[PDB]
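Single-structure report; data block below.
Using ideal geometry, Cβ is built from the backbone for each residue, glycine included, and neighbour counts are taken over all protein chains shown. Only the coordinates and a few stated rules stand behind these numbers; no lab work does.
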Amino acid sequence: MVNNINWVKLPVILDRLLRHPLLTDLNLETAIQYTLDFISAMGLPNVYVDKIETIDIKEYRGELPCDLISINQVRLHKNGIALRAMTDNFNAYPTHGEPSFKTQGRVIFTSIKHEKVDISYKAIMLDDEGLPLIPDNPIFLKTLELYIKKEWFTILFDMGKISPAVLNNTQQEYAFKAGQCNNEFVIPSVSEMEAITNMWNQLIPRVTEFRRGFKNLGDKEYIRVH
Amino acid sequence: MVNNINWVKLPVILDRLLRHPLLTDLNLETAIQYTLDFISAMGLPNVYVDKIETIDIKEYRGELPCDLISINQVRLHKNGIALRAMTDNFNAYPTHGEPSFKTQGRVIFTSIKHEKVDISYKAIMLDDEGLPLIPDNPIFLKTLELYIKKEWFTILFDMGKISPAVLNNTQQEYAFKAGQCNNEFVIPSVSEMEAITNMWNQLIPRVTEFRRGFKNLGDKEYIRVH
Amino acid sequence: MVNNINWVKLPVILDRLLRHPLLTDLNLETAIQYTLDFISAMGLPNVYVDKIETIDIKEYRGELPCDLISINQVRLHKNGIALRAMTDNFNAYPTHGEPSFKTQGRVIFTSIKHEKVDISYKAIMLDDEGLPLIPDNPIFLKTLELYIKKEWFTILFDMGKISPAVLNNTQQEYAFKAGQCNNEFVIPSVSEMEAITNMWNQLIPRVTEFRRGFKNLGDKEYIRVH
Amino acid sequence: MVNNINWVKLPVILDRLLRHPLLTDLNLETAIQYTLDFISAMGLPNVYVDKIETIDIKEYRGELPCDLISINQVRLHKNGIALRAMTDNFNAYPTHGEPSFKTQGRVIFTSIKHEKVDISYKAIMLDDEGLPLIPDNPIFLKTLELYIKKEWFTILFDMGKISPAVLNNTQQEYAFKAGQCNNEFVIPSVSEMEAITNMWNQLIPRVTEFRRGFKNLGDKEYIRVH
Amino acid sequence: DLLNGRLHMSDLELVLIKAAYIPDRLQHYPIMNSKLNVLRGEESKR
Amino acid sequence: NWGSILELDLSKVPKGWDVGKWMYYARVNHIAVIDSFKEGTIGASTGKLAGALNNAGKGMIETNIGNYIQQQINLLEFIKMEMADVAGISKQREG
Amino acid sequence: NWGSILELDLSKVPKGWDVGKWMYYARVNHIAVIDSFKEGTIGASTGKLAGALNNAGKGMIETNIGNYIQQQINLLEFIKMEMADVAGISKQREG
Amino acid sequence: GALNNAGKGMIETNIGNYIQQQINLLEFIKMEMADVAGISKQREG
């Protein structure tokens, strides 16, 4: 992302929405629900907060942090070797190699009996009340405004209290701003483009970035002169 | 799946449906049915609980667990060799090789007379109440909300209590969000893309991960230097 | 099929249908008829129960089991050689080789005078009342619900008691769910895909699986190393 | 045909037609006619009874059985050599080779003066009453129901007692189910596909199964090893 | 036995037959014999 | 460099057929009996589902690696020509 | 110069099939069984969404570097030929 | 309008390719039988 994610409070979006007199019945509840819905639907990784937190494995199982949403990686605390995903169907079940992991709920199923692992995961930036905290990027704010407006006008049109043309216009605007937001948050910046450049141009290809924490993914590949 | 399946109780969907004044007569009884219908129609494997449970075979037959919905694999408990689908039409019938199996109901028809077999099967995550437990992914919640909304509006439209444009809009929105949810729960994570990469790039192909429990489907294929 | 065929009672489908107030006049009779119609029209082989039962041939004729619907194979009891179909027009008729069979009603016309044969056939899983027993796969239940609803709305539309748009929507939904069900019940599972894999990749082709009961159809074809 | 032709009596179709209030004046008299019309228009050979019956030839002429509808083959009783269609225009007429035959009514015109010939012919399976006996295949029953419904609605529409949309829907449904039934009763079974395979793959082609009663159309073609 | 035209099917695979028919057995094609007959035919001519 | 992967749908395997045994008779006969009037196809025939569910071919998961393998082969024969010609020991002089 | 990159949507892997084990059996068999009546494809089938979500084939992230590589290679032989005759030492002179 | 038009149809069965496929198989086995004995066609003329 070119720009920086400066955080602002949820009621900013209600300050923008309630300017529309047809949206004066919105509340902080509806803002919270549709904000979570929008954040998940867009799935923008720059909106979540990167955290690292170590856990201990009891026997092929481990307790997972409360605020976890998605895992970037899992590695071993002592060696630093990253863990791939599990392809096994009979992991911890004995009868009468490469480490792996698997996560469903609050539990992580790894292929190791007694070890500590580091998990790099993503969560939501929370508010001092304890509520989700949104970026102030006006493209994001506008697209969330249009998301909430589109849901509200869809409900009204279902009752028959909104003209079909109004809902069609709202959907069209929201679709364009959704595309604009997706391009805004995903297109690499200049420094990320340097990382991508160093990753692309490689006389000797590097195909082992996962063993490290993708640390040297953007490292420039130097060739000695002879 | 990039994200994690944090579990929440079923009435989280009724939190969201009953915002709509035309869906106020929906109940947990209806939520359960339509939620099970959506779970099955989507067929996402990340929504089921991976379990392993051993049974004994009496004579080419064995009792199956209660909560089984699908079988990932079946193997022999002592050797660990996995079983294949039984193409044979005359398994346990004599006249006057490689092991296999078949499952219809609560019975599993293996080709072995007396042995213990390990079954890795999938079930549904339940609640403290004997009810289904759904992911809290807002994409999943929104798609399930739209499924229930679409069914209820189909009923009302068969009655003539909903305008056809309303139902068309509901079906369009549900179709897009069904595609969105399908992709969200299917597209691999970074750790799963390492497994896929290790499977894909193999100078000496590995074509016998079914014998094992697909344990080594994702291991890297290291060539020595000469 | 990926999933397992857990059996449930017929009135489940009436529990789902009668939620529609336009379908409150359905009965167990109509459920039985349209359930048999749907099961036959889809023709899904996983819904029928595989059975094997030996009979004795009197003179090129044999008595057939009562519940038979389709024959997978017929073989000789002593040798185990499978019987192909009859191409002859003058089978048992004398004037003044390879065994074969032919079935029309409750009688099987084979080309052997006095022998016993094993027949692998398919029937319906019956209820303790003595009624058809349906799977609980919610895709199957939904598609059967839509089948019965489509027949009922077709009848009403013939009287003129249903709008054409309602019937068109019902037909469209049923068509899509019929396709979904057909793909659900026919696409191979992982173990069936192993069987198909072992059948496909064969350096020395096997073209005599029928002589056996298709027993080695999924057997892996091993090549000795030299 | 994969399935078996279990026979049931004709009023099984009136069980199903008279559910419709607009088809309540249909009778067994009408059922018989339209059922025979459907049997002939479909022309499925699995619906007829295969019978063999010998007759004597007086002078290039022979009496034909009462229930004959079609002739599979004709052969000489003593040699077993099958007969072909008679292309000759002057068979039994003298002036001043390979045997053949021709059949128009109750008379069969062979090219032999005095010999006994075996005729493998097809007839209709009858009931304890002298009435046709229909398959209970629900595809066949549904298609016959739709045939009778379509004819009756055509009459009512010529009268102006049925909306044209109703008749169009009936014709569409009948057309699809006619195609479905045609494929159901035609597509080979597994045992019939072995016969077809043995006929298809022949290093030394066999082109003389008409001389025999197509007995060896389906035998495997075994090449010795040298 | 390969030089005398006998293919043993237990030697080039696992067997899951005994009768002399190519639908279930395999035909052997003598392509090793000509290269050996050069060399025992060249030892005769030295 | 795996092969070319054919995306296949089993929507026209006939009724009462296993996909294991349906493909086995298609290996040897090179003919697959299909069923174009199945109940899964009632949408595309009556006009309730889109016509691309009965047609439009079969997709291919294929990659031009054989073009990329050939590009890297031609580069090696350019360097082995360059390394030979930089020393004065050419391939005619090596043979 | 990396290869050509296929953009692969997983909208049609079958139900309950993991993408690793789905791609594992397409390596072997070169047949990938796909599911065209999934719940993710209800909009392109029923015509609520664009029909181009079921079809049009997979895109290719393909940049022509093989042309740009051969342009330098054909240029590098031009100078080594041009440098050879400026001092009078042809390719037969070094032969 | 396809009754004054559409051109004249052909009952055209392609046996010219199938005849040439068996001819290429006869040239191949009379060649492969020569390599078995070591008696080539250069050896017969």
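Along its three principal directions, the equivalent ellipsoid of the stretch D:30-131 from the Cα gyration tensor extends over semi-axes of 30, 14, 12 Å, largest first. Considering only the other residues whose Cβ falls under 13 Å of the Cβ of A:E59, what net charge follows from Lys and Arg at +1 and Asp and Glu at -1? Net local charge, A:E59 excluded: 0. Estimated from helical segments only, the mean residue ellipticity of chain C at 222 nm is -11500 deg cm²/dmol, where each DSSP H run of four or more residues counts as -39500 (n - 2.57).
Put simply, when C:123-130, B:40-47 are sorted by average Cβ atoms within 10 angstrom per residue, most first, you get B:40-47, C:123-130. In chain G, a dipole from Cβ-located charges (positive for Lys and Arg, negative for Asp and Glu) runs towards its positive end, and of G:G40, G:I69, G:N1 it is G:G40 whose Cα lies farthest in that direction. Rg over Rh for the stretch A:8-76 works out to 1.17, both radii taken from alpha-carbon positions and Rh defined as the Kirkwood radius.
With the simple model of a label 7 Å out from the Cα in the direction of the Cβ, B:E98 to B:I155 spans 5.0 nm.
When the GluC sites (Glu not before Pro) in the stretch D:42-83 are filtered for DSSP coil states and for at most 16 other beta-carbon atoms within 10 Å of their beta-carbon, the remaining sites are D:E59.
Between B:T24, G:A84, C:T35, whose Cα lies farthest towards the positive end of the dipole of the protein assembly as shown when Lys and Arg beta carbons carry +1 and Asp and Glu beta carbons carry -1, centred on the Cα centre? Working it through, the farthest residue towards the positive pole turns out to be G:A84.
The equivalent ellipsoid that matches the C-alpha gyration tensor of the protein assembly as shown spans semi-axes of 57, 47, 30 angstrom, in descending order. When each of G:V13, D:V107, C:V166 is scored by the number of other beta-carbon atoms lying within 10 Å, the sequence from fewest to most is D:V107, C:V166, G:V13.
Along the axis of the charge dipole computed for the stretch A:74-226 (Cβ charges of +1 for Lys and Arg, -1 for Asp and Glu, origin at the Cα centre), the listed residues A:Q171, A:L141, A:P99 are led at the positive end by A:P99. Per-residue mean of foreign Cβ neighbours for D:115-128 is 1 (Cβ atoms of other chains, 10 Å radius). Each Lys and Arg Cβ is given +1 and each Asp and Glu Cβ -1; about its Cα centre, chain F then shows a dipole of about 400 debye.
Here is the size of chain C from its Cα atoms: Rg then Dmax, 22.8, 77 Å.
Under the simplified labelling scheme, the A:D136-H:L25 pair shows an inter-label distance of 8.1 nm, with each label point 7 Å from Cα along Cα→Cβ.
State which entries of B:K142/C:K142; A:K149/G:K48; F:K91/G:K91; A:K102/B:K215 exceed 18 angstrom in Cα-Cα distance in the structure shown. Distance filter (> 18 Å) returns B:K142/C:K142; A:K149/G:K48. Take each residue in C:218-224, count the other chain C-beta atoms within 10 Å of its C-beta, and the mean is 6. For trypsin sites (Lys or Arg not before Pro), the sites in chain H that DSSP calls loop and that have at most 11 other Cβ atoms within 10 Å are H:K8, H:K41, H:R43.
About its Cα centre, the stretch A:97-222 has a charge dipole of approximately 440 debye under the convention of +1 per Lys or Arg Cβ and -1 per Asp or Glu Cβ, with nothing else charged. Taking every DSSP helix (H) stretch of at least 4 residues in chain G, weighting each as -39,500 (n - 2.57) and dividing the sum by the residue count yields a mean residue ellipticity at 222 nm of -12000 deg cm²/dmol. The distance between label points at A:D50 and A:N201 comes to 2.4 nm (points 7 Å beyond Cα on the Cα→Cβ vector). Exactly which GluC sites (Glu not before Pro) in chain H are in a DSSP loop and have at most 14 other Cβ atoms within 10 Å? Qualifying residues, ordered by number: H:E12, H:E44. The distance separating the Cα centre of the stretch C:155-226 from that of the stretch C:81-116 comes to 31 Å.
Placing +1 on each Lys and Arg Cβ and -1 on each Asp and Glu Cβ, with no other charges, gives the stretch B:39-136 a dipole about its Cα centre of roughly 560 debye. Straight-line cross-link partners of A:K51 among the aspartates and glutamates, defined as a Cα under 19 Å from its Cα and at least 8 positions apart when in the same chain: A:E63, A:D67, A:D118, A:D127, A:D128.
Within 10 Å of the Cβ of each residue in B:135-146, the mean number of Cβ atoms contributed by other protein chains is 3.
Note on the stretch G:1-82: along the principal axes its Cα atoms extend 66, 32, 15 Å, ordered by decreasing extent.
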